[PDB]
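A.B. asks: Could you have a look at this structure, given as structure tokens, before my questions?
Just so it is clear, none of the values below were taken in a lab; they were calculated from the coordinates. Quick reminder, even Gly has a Cβ in these numbers, built from the backbone with ideal geometry, and neighbours come from all protein chains shown.
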Amino acid sequence: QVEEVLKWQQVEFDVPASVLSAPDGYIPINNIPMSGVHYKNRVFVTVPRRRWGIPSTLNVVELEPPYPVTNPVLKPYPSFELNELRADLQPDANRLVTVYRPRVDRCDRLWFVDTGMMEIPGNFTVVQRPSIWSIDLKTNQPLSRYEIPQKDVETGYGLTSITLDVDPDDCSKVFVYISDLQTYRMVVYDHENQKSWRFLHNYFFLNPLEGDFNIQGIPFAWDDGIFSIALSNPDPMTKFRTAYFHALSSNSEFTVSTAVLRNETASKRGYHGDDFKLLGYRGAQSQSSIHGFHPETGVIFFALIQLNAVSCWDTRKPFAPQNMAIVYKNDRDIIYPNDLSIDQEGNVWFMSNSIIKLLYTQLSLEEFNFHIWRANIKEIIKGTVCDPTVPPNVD
Amino acid sequence: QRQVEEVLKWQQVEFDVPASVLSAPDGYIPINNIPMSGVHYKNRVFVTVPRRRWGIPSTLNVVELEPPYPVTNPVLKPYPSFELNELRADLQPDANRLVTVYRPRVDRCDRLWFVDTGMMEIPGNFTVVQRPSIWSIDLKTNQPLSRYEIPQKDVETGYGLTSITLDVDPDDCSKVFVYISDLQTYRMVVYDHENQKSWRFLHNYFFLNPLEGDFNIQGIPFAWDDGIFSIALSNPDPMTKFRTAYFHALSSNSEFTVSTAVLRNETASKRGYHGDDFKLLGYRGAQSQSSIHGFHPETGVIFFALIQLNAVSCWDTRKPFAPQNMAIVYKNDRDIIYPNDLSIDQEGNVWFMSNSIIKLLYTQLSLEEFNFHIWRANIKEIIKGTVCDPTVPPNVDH
Amino acid sequence: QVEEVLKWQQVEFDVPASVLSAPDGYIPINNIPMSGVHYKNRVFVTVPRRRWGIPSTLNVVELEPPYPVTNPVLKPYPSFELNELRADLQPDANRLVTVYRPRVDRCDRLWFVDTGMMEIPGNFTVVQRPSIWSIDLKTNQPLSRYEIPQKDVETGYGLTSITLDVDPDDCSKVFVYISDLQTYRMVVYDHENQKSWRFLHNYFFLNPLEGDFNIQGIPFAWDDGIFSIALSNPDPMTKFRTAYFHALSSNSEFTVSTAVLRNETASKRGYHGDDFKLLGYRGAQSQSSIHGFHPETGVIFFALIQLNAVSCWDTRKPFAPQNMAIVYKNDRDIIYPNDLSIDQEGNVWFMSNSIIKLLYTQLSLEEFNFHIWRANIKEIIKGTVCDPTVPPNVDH
Amino acid sequence: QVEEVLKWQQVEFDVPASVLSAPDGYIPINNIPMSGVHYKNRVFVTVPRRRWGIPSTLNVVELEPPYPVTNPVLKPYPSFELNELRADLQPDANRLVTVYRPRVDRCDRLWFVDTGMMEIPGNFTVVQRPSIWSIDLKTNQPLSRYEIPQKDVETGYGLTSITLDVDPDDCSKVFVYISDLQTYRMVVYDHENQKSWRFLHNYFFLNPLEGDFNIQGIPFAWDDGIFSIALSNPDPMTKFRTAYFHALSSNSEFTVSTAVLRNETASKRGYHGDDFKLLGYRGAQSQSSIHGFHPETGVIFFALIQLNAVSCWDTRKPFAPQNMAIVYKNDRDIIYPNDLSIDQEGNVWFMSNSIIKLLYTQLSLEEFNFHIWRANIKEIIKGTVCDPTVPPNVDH
Ligand SMILES: *[C@@H]1O[C@H](CO[C@@H]2O[C@@H](C)[C@@H](O)[C@@H](O)[C@@H]2O)[C@@H](O)[C@H](O[C@@H]2O[C@H](CO)[C@@H](O[C@@H]3O[C@@H](C)[C@@H](O)[C@@H](O)[C@@H]3O)[C@H](O)[C@H]2NC(C)=O)[C@H]1NC(C)=O
Ligand SMILES: *[C@@H]1O[C@H](CO[C@@H]2O[C@@H](C)[C@@H](O)[C@@H](O)[C@@H]2O)[C@@H](O)[C@H](O[C@@H]2O[C@H](CO)[C@@H](O)[C@H](O)[C@H]2NC(C)=O)[C@H]1NC(C)=O
Ligand SMILES: *[C@@H]1O[C@H](CO[C@@H]2O[C@@H](C)[C@@H](O)[C@@H](O)[C@@H]2O)[C@@H](O)[C@H](O[C@@H]2O[C@H](CO)[C@@H](O)[C@H](O)[C@@H]2O)[C@H]1NC(C)=O
Ligand SMILES: *[C@@H]1O[C@H](CO)[C@@H](O[C@@H]2O[C@H](CO)[C@@H](O)[C@H](O)[C@@H]2O)[C@H](O)[C@H]1NC(C)=O
Ligand SMILES: [Ca+2]
Ligand SMILES: [Ca+2]
Ligand SMILES: [Ca+2]
Ligand SMILES: [Ca+2]
């Protein structure tokens, strides 16, 4: 019911021996993948440059059964020419510095953010300003690029996640919402008008008492804020969407209408009134990383950090623990659910990269460290409370 | 609890009419007269006595307010007159008279609204005098403005039409919708004023919860099977100009919501399947079955009349619907038997009433004691510093 | 083990061609059989009059191999004369208007209820008052007929199911409990004294949340209440029984002593107190229509509406999902299980009628819409939790 | 028994006229005082440079009856020569740029931080790095100045509040804990060893839901973190104390042992484990700004933002809303309670500066906008739950 599509002991690249032979050109233990998203039998895998020796930040892998496809070599997408790191480390609009979590739209486009920053522990290296890209997946050619101005974000240290707001009819009318978990802000991107602005709000912060974890016997505390945003279907009478959002270090989910997010003058305010609202409590130890809203079912899928699992929730039901169900659980293989994503084919995709092991312990290249699963949404929710045909619980 | 006023209190209900009615056999009986409502308008309070038994001289009545409070055993005056409240001996349809009226509501445009059930519910003998009909009363001149008889296609008798909720336009006042809660046939009848047309909704959520219908007030155990009872409307949505209808059955610990866009739609009412248009809001709490509730337009707070807990609770509609986001603002085990009504006036006050119906129905009703009570409390002042205050943040689990 | 016995593409009757050649004396799409019960190689199939063009409300079919017998012709039972529809529509004591679910007891009698009411879309027509019948099965001769007074139930709108309580010794001492899913009541009938009284309770109602269904990709919601009752074996000392009852729109099962049900004085109360009991929660999407109690094994068989299945439960074991087992499942054929009956031979019987296809989509007469099955109880519960010799999964 | 000591309509400075006439030298509305602290009949008032037109950032007022002293002219302290803002805006270790909340110890010293930064809306101007001063209050001469290195804090943007940990025996052995409400950190200053380090922790952050205010009908939200720290009496043997700390936008109070704060190695951990403990919940709408510990009684006083009030708590009684009492409430005058200090004479001192009227509304210089109050601690707690002899209301 949940199949493991991809797994790695370590990450390897399809680049010239020139790059592999050069000193500190490729360090295996340094290459931690951060996302894997799906598009027509192709899975895009990112390796953010938090370390030296990372040949390509954006990558692709071709799918062929049977699964799991073991240790697939990553090919620098769209071309190694872009994923090359300049030796002079200077700004370049035709180079990809660091990419985290891309998303695929219905228009055969790949959207991502090049942070332009390398978070090497010891030497944080700001190469260039953060940029929003779109790639045509039919032609494998870059379409648009937008550099995010200083007035919205200073560096791009925390721009690790994005949510796409594409009009159902016009494929050109696109907004993008970026979650900054480091500076506790959300950056809205008007693609159509090549404009952007930023929101600041108390709800983008962590909950002081809810940033403590114990995973695989390792304890740690994080202060990471707004991390994921999930958009409902456009309202029939208003055309706007509910933005479900949460901090990494929180057991709470909050909501805001896109009408607020799409409005620049609203961002510039000192006080947002009661535009941003609390949806409610997700449960004990129910801190989530990435969550996604499946349009056809109206079901939100949560990646649960502490519980080493993936849960779901039907949006029509009241937001309550007894109205959510765990669809998958794996204490051995889910160490940190780094990414969750919903494809154009009715599947929920999720990924674990064992980052906690690396950070706080020793990762072992003998074992399989990085995993990618998939599940058919309609099939996975059938019996459960996440099924729209199943009534909510009495509590 | 220590800033809520007991405005009116009776031991019995007496009337102001010609002595020919009062002296005639079975024209008036002490125990048979029970008011189901207390409503406030500009220093005069409308009280109604529905005809559950014989000897009810008048149904819809009015009382003038004068300190000290509580005003003890006031003499009820038939409103708008006695000549619309006079029971016919022939019992034919009186298109200009009032048989049984339950809970009226006061809108912003100085009007009173109520339903003429046209049906008397005497134990042993049920009598359908006339068809159900709704009124509008000019409270300035005391003159009836409109009457509308509801077609058989919507309600058969008017047996359970014991509750009304008003949906008046913010700007215009000719555009008025009404939502009547039928707790007996388990339905909601909607009325379109400007068009003078009415239709009805049937739904599973209008029924009681089989397990949550058992009560025990004053050591008297009983169970009722009554359905949809009260509806409360949020302020119009700035983007859609529609409202959220909050509704619960009498015998339920659950609250449900529905957009007024659905309720105001005739073609939607004739569907056999309403989809996900009606939704569960959530659980009110253990032993939190509510009779009547109201939405305060200014604060955005719903006040619940709690049946089992002998209390009035509040909830800020901005906060998630959960017991820890609710507070009891008034509680009276000795004086509150059955909170039969709750209404919000135009002056920012919560008006709630207990009529001791349980003791009459299942026990002894003594006229030596006080059996009827009307209360009022300042909303902005009673919620200040509680979870119900919009400026106070919501609560969380751990 | 579980076998299909009778299945129809459509239903036709063995009646004069005069009724069949009348202006709409038979419309094929309007005839939906609601029940099928067993007695010594005979099966009674009922077509309640919910539309126009139905010749016979009560019928009979003969069991003759091979199974499943294809498109059997329905023979009006006991006769056509009684099953005939009066064009004058006047109350008639020796006729039959609408019959739902008959039952068969240990004293060779067939028992049913004629509602006397025809629920046609546009015009609901009450022809006569509801009537309970006995039929001597050996002779085919109507034994008794009691008309239910206005004091107990007004219309017979929802008297679609009955459950028989026969004394284990004397056949004259019979109590019949009728389920009313429309007005939310249980009508109790004393066969000897020829009296009756009704019960009203909160537990006969639907559960507001648990009344939505999606069968064959078709969403719908019903407000249907108390639908089926199952009577246990008389307690060896008190000689009373436990009546298990559920609403159609409920996942909950409830229990009541037969001492309370057989008591007229208790029937006129306003508050029954602690008498009616909740047994528990059957499970997610475990709403059931008609269920029966097998006396020999002490096992209840449920017909599950949403799960498209038939399940069982050993009454000795505590009521819990883990202590229950699904004995048959058919997502293709079982759309809505309309009847479940237990014959005198130790078999469980269940039927599907494709009713929701008629109501919300269109019915195809070129496909088999109506199905009846039989299962041997002792063989079917053998390797399951329902076996009285096997221990429970949960001690509760 | 709570008496108002000082009040201003507007703040004025005793300074050469050439400074007052200079272009944007003195803008009355910009001069919002932020602290008033008592030492031997002298109250030190600060005006942090968050706007242009502030002649002097640290000032002194000489207390004399009758109270309240209306519109006292602020005298620059120690002198105007240190307080005067350099036009060229270059760094200078002999200049005071921005001082928020000074504190007086037992050793006749005035301790404060010059943030070195001007938080002017539109252009924040970092003139110099933040520094920590001590001034001998007997001679009015500065005793020491220490620049906080860039490893510990970035700019001094949020170094608006300090707490003294003075050795009960030795005056030369001091630690100062500084709260950074902007970057959510604590800076620890080792006075004897002229060293410093920082602590980062989740508990220094605001609580997302508890940062919404409405004072005087003015709705606003702040994201302000760790604001105040209050130290218990030292352990007789080890001399370690309990540090009571809270964020501005939080209803929760936390504790940590000074054993931890005074440990440079502990501050370099990525994970602090169980060292920082949640003490508990202060009550609905009980967001505190500044609080203080009074050694003689063991009572902590809180300045309450939303409640326009000062509350207290006996540290011996469990930390719970009912174990706390409001000792002073003034909705008219207390608008933003900007400071609370505990002097060497058993008094509690508190201040309201109406900052929120300047920020989100308008300030009228005809009204008294800045107020300073004092109260005798033992007299103010006599009857209340805060009295050490009175029993707790809850065991918790
Ligand atoms: C885009 O957003 C801007 C303001 O942000 C919000 O707008 C709406 C979503 C509302 O929820 C509002 O409360 C919130 O501030 C704004 O440019 C624009 O419309 C706002 O709508 C306000 C209410 O109608 C209105 O406020 C007006 O001005 C203020 C300063 C006062 O004088 C008020 O008395 C007066 O009503 C104003 O048009 C504007 N708000 C502001 C602050 O300028 C909104 N546009 C959309 C949604 O299309
Ligand atoms: C101050 O800082 C160190 C970390 O704090 C604690 O360390 C544990 C002992 C425990 O109390 C935890 O709650 C917390 O993490 C602490 O270890 C240190 O003690 C010294 O630590 C040095 C390195 O960690 C080491 O050289 C010594 O062995 C240890 N000294 C001992 C245990 O006597 C604390 N005290 C200092 C530096 O004086
Ligand atoms: C910050 O990183 C510096 C960069 O040095 C190199 O950068 C890349 C080109 C890679 O090849 C990488 O592997 C190299 O380290 C480091 O200098 C420095 O760490 C140490 O520096 C000394 C002196 O150069 C060197 O001998 C040692 O091996 C280390 O690399 C690092 N500084 C900090 C504080 O993290
Ligand atoms: C009453 O409810 C109807 C539900 O059938 C609404 O119909 C909807 O309207 C759209 C556009 O006209 C159709 O595509 C579709 O029939 C849909 O269900 C109808 O609008 C509504 N009436 C009013 C006045 O709101
Ligand atoms: Ca961080
Ligand atoms: Ca009822
Ligand atoms: Ca029905
Ligand atoms: Ca801040």
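A.B. asks: What number of residues within the stretch A:93-122 satisfy the criterion of being among the aliphatic types (A, V, I, L, M), within 16 Å of ligand 3 (Cβ to nearest atom) and buried (at least 23 other Cβ atoms within 10 Å of the Cβ)?
C.D. replies: Residues flagged as among the aliphatic types (A, V, I, L, M), within 16 Å of ligand 3 (Cβ to nearest atom) and buried (at least 23 other Cβ atoms within 10 Å of the Cβ) within the stretch A:93-122 amount to 2.
A.B. asks: Looking only at the stretch D:166-181, which residues are within 14 Å of another protein chain (Cβ to nearest Cβ) and within 20 Å of D:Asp108 (Cα to Cα)?
C.D. replies: Listed by number, the list is empty, since nothing qualifies.
A.B. asks: Considering only residues that are farther than 30 Å from B:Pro297 by Cα, within 20 Å of the chain's Cα centre (by Cα) and not in a loop (DSSP other than H, G, I, E, B), which ones fall in the stretch B:80-133?
C.D. replies: Residues satisfying the conditions are B:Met119, B:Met120, B:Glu121.
A.B. asks: Restricting to the stretch C:255-283, name every residue that is under 28 Å from C:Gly211 (Cα atoms), part of a loop (DSSP other than H, G, I, E, B) and either facing chain B (nearest Cβ under 10 Å) or of a type outside the set (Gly, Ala, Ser) (or both).
C.D. replies: Passing the criteria: C:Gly270, C:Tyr271, C:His272, C:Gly273, C:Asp274, C:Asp275, C:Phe276, C:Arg282.
A.B. asks: Output the number of the condition that B:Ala223 fails; it satisfies all remaining conditions of (1) more than 21 Å from C:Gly225 (Cα to Cα); (2) in contact with a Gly (Cβ under 7 Å, 6 or more places away or on another chain).
C.D. replies: (1)
A.B. asks: Same structure, new question: Please go through the stretch A:259-287 and pick out each residue that is crowded, with 17+ Cβ neighbours inside 10 Å, more than 12 Å from chain B (Cβ to nearest Cβ) and in contact with a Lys or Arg (Cβ under 8 Å, 6 or more places away or on another chain).
C.D. replies: Result: A:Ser267, single match.
A.B. asks: On to the next question. Can you pull out the residues in the stretch A:11-51 that are in contact (Cβ under 8 Å) with a residue 40 or more places away in the chain, under 19 Å from A:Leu359 (Cα atoms) and part of a loop (DSSP other than H, G, I, E, B)?
C.D. replies: Scanning the stretch A:11-51 gives A:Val11, A:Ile32, A:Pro33, A:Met34, A:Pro48, A:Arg49, A:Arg50, A:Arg51.
A.B. asks: Right, next: Among all residue pairs at least 6 apart or on different chains, which show Cβ distances below 8 Å where the first residue, located in the stretch B:324-341, is among the basic types (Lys, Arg) and the second is part of a loop (DSSP other than H, G, I, E, B)?
C.D. replies: Qualifying pairs under 8 Å: B:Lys331/B:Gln1; B:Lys331/B:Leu309; B:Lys331/B:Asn310.
A.B. asks: So which residues in the stretch B:352-394 are within 14 Å of chain D (Cβ to nearest Cβ) and part of a helix (DSSP H, G or I), if there are any at all? Talk me through it step by step, then tell me what you get.
C.D. replies: From the stretch B:352-394, those within 14 Å of chain D (Cβ to nearest Cβ) are B:380, B:383-394; that's our starting set.
Of everything in the stretch B:352-394, those that are within 14 Å of chain D (Cβ to nearest Cβ) and part of a helix (DSSP H, G or I) turn out to be B:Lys380, B:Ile383.
A.B. asks: Take the stretch B:173-216 and flag every residue that is within 13 Å of another protein chain (Cβ to nearest Cβ), surrounded by 20 or more Cβ atoms within 10 Å (Cβ to Cβ) and part of a strand (DSSP E or B).
C.D. replies: Scanning the stretch B:173-216 gives B:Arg187, B:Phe201.
A.B. asks: Can we say C:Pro130 is within 23 Å of C:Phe175 (Cβ to Cβ) and surrounded by fewer than 19 Cβ atoms within 10 Å (Cβ to Cβ)? Show your work before the answer.
C.D. replies: Details: within 23 Å of C:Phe175 (Cβ to Cβ): yes; surrounded by fewer than 19 Cβ atoms within 10 Å (Cβ to Cβ): no.
So C:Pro130 fails the test.
A.B. asks: Oh, and also: For the stretch C:84-120: of the residues being assigned to a loop (DSSP other than H, G, I, E, B), of a type in the set (A, V, I, L, M) and in contact (Cβ under 8 Å) with a residue 12 or more places away in the chain, which is surrounded by the most Cβ atoms within 10 Å (Cβ to Cβ)?
C.D. replies: Let us first name the residues in the stretch C:84-120 that are assigned to a loop (DSSP other than H, G, I, E, B), namely C:84-98, C:100-102, C:105-108, C:115-116.
With the extra rule that they be of a type in the set (A, V, I, L, M), the set shrinks to C:85, C:87, C:89, C:93, C:96-97.
If we keep only those that are in contact (Cβ under 8 Å) with a residue 12 or more places away in the chain as well, we get C:85, C:89, C:93, C:96-97.
Details: C:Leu85: 19, C:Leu89: 13, C:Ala93: 8, C:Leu96: 27, C:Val97: 25.
Looking at residues that are assigned to a loop (DSSP other than H, G, I, E, B), of a type in the set (A, V, I, L, M) and in contact (Cβ under 8 Å) with a residue 12 or more places away in the chain, I get C:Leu96.
A.B. asks: Still on this structure, I have one more. Taking interchain pairs and intrachain pairs at least six residues apart, which have beta carbon atoms under 6 angstrom, with the first residue in the stretch B:73-99 and more than 15 Å from B:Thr48 (Cβ to Cβ) and the second aliphatic (A, V, I, L, M)?
C.D. replies: B:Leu91/B:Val129
A.B. asks: While we're here: Given the residues C:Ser228, C:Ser249, which is the only one that is touching a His at 6+ places or on another chain (Cβ under 8 Å), closer than 29 Å to A:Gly383 by Cβ and touching a residue at least 12 places away in the same chain (Cβ under 8 Å)? Walk me through it before giving the result.
C.D. replies: On the way: C:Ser249 fails: touching a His at 6+ places or on another chain (Cβ under 8 Å).
Only one candidate passes the filter, namely C:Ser228.
A.B. asks: Turning to a different aspect of this structure: Looking at (1) of a type in the set (D, E, K, R); (2) surrounded by fewer than 19 Cβ atoms within 10 Å (Cβ to Cβ); (3) within 28 Å of D:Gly225 (Cα to Cα), which is the only condition A:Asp235 fails?
C.D. replies: All conditions pass for A:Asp235, except number (3).
A.B. asks: Which condition from (1) closer than 27 Å to C:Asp333 by Cα; (2) within 14 Å of chain A (Cβ to nearest Cβ); (3) free of Cβ contacts under 8 Å to residues at least 40 places away in the same chain is the one that C:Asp223 breaks?
C.D. replies: If we test C:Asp223 against (1) closer than 27 Å to C:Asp333 by Cα; (2) within 14 Å of chain A (Cβ to nearest Cβ); (3) free of Cβ contacts under 8 Å to residues at least 40 places away in the same chain, just (2) comes out false.
A.B. asks: Please work out which residue is farthest from ligand 8 (Cβ to nearest atom), limiting yourself to the stretch D:184-218 and to residues that are free of Cβ contacts under 8 Å to residues at least 12 places away in the same chain and surrounded by fewer than 23 Cβ atoms within 10 Å (Cβ to Cβ). Even if it seems obvious, please write down each step before you answer.
C.D. replies: So the first thing to find is which residues in the stretch D:184-218 are free of Cβ contacts under 8 Å to residues at least 12 places away in the same chain, and the list is D:193, D:202, D:208-209, D:212, D:217.
Still in the list and also surrounded by fewer than 23 Cβ atoms within 10 Å (Cβ to Cβ): D:193, D:202, D:209, D:212, D:217.
Values: D:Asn193: 31, D:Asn202: 17, D:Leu209: 17, D:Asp212: 14, D:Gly217: 23 Å.
Result: D:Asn193.
A.B. asks: Out of D:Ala320, D:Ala284, D:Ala303, D:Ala309, I need the residue that is touching a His at 6+ places or on another chain (Cβ under 6 Å) and either within 24 Å of D:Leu209 (Cβ to Cβ) or within 16 Å of ligand 3 (Cβ to nearest atom) (or both). Which one?
C.D. replies: Details: D:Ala284 fails: touching a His at 6+ places or on another chain (Cβ under 6 Å); D:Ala303 fails: touching a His at 6+ places or on another chain (Cβ under 6 Å); D:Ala309 fails: touching a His at 6+ places or on another chain (Cβ under 6 Å).
Answer to the selection: D:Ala320.
A.B. asks: Would you check which residues across the stretch A:230-271 are in a strand (DSSP E or B) and closer than 19 Å to A:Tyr281 by Cβ and list them?
C.D. replies: Going through the stretch A:230-271, the residues in a strand (DSSP E or B) turn out to be A:230-231, A:242-247, A:252-257.
The answer is A:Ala230, A:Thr242, A:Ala243, A:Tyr244, A:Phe245, A:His246, A:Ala247, A:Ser252, A:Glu253, A:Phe254, A:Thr255, A:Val256.
A.B. asks: Can you report the number of residues in the stretch C:200-220 which are more than 11 Å from chain A (Cβ to nearest Cβ) and under 18 Å from B:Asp225 (Cα atoms)?
C.D. replies: Of the residues in the stretch C:200-220, 7 are more than 11 Å from chain A (Cβ to nearest Cβ) and under 18 Å from B:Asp225 (Cα atoms).
A.B. asks: Right, next: With respect to D:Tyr184, is the statement that it is under 24 Å from D:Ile148 (Cα atoms) and within 14 Å of chain A (Cβ to nearest Cβ) true? Don't jump to the end; show me each part of the working.
C.D. replies: Values: under 24 Å from D:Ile148 (Cα atoms): yes; within 14 Å of chain A (Cβ to nearest Cβ): yes.
When the stated conditions are applied, D:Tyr184 passes them.
A.B. asks: Which one of these does D:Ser252 not meet: (1) more than 10 Å from chain A (Cβ to nearest Cβ); (2) away from ligand 2 (no atom under 16 Å from the Cβ); (3) closer than 20 Å to A:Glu210 by Cβ?
C.D. replies: Failed condition: (1).
A.B. asks: What is the one condition in (1) assigned to a strand (DSSP E or B); (2) out of contact with any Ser or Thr (no Cβ under 9 Å at 6 or more places or on another chain); (3) in contact (Cβ under 8 Å) with a residue 60 or more places away in the chain; (4) surrounded by fewer than 23 Cβ atoms within 10 Å (Cβ to Cβ) that D:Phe293 does not satisfy?
C.D. replies: D:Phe293 satisfies all of (1) assigned to a strand (DSSP E or B); (2) out of contact with any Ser or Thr (no Cβ under 9 Å at 6 or more places or on another chain); (3) in contact (Cβ under 8 Å) with a residue 60 or more places away in the chain; (4) surrounded by fewer than 23 Cβ atoms within 10 Å (Cβ to Cβ) except (2).
A.B. asks: Additional query: Here are some residues: B:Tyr273, B:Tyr246. Which one is aromatic (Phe, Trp, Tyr) and farther than 27 Å from B:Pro390 by Cβ? Outline the logic, then answer.
C.D. replies: Working: B:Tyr246 fails: farther than 27 Å from B:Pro390 by Cβ.
Only one candidate qualifies: B:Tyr273.
A.B. asks: Still on this structure: Given the conditions (1) within 22 Å of the chain's Cα centre (by Cα); (2) closer than 23 Å to D:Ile162 by Cβ; (3) touching a residue at least 60 places away in the same chain (Cβ under 8 Å), and given that D:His272 satisfies all but one, which numbered condition is not satisfied?
C.D. replies: (1)
A.B. asks: For B:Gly282, indicate whether it is more than 16 Å from ligand 6 (Cβ to nearest atom) and not in a loop (DSSP other than H, G, I, E, B). Working first, answer last.
C.D. replies: Working: more than 16 Å from ligand 6 (Cβ to nearest atom): yes; not in a loop (DSSP other than H, G, I, E, B): yes.
Taking the combined requirement at face value, the residue satisfies it.
A.B. asks: Let me ask something else about it. Just to be sure, is C:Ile334 outside any loop (DSSP other than H, G, I, E, B) and free of Cβ contacts under 8 Å to residues at least 60 places away in the same chain? Spell out how you get there, then give the answer.
C.D. replies: Details: outside any loop (DSSP other than H, G, I, E, B): no; free of Cβ contacts under 8 Å to residues at least 60 places away in the same chain: yes.
In short, no.
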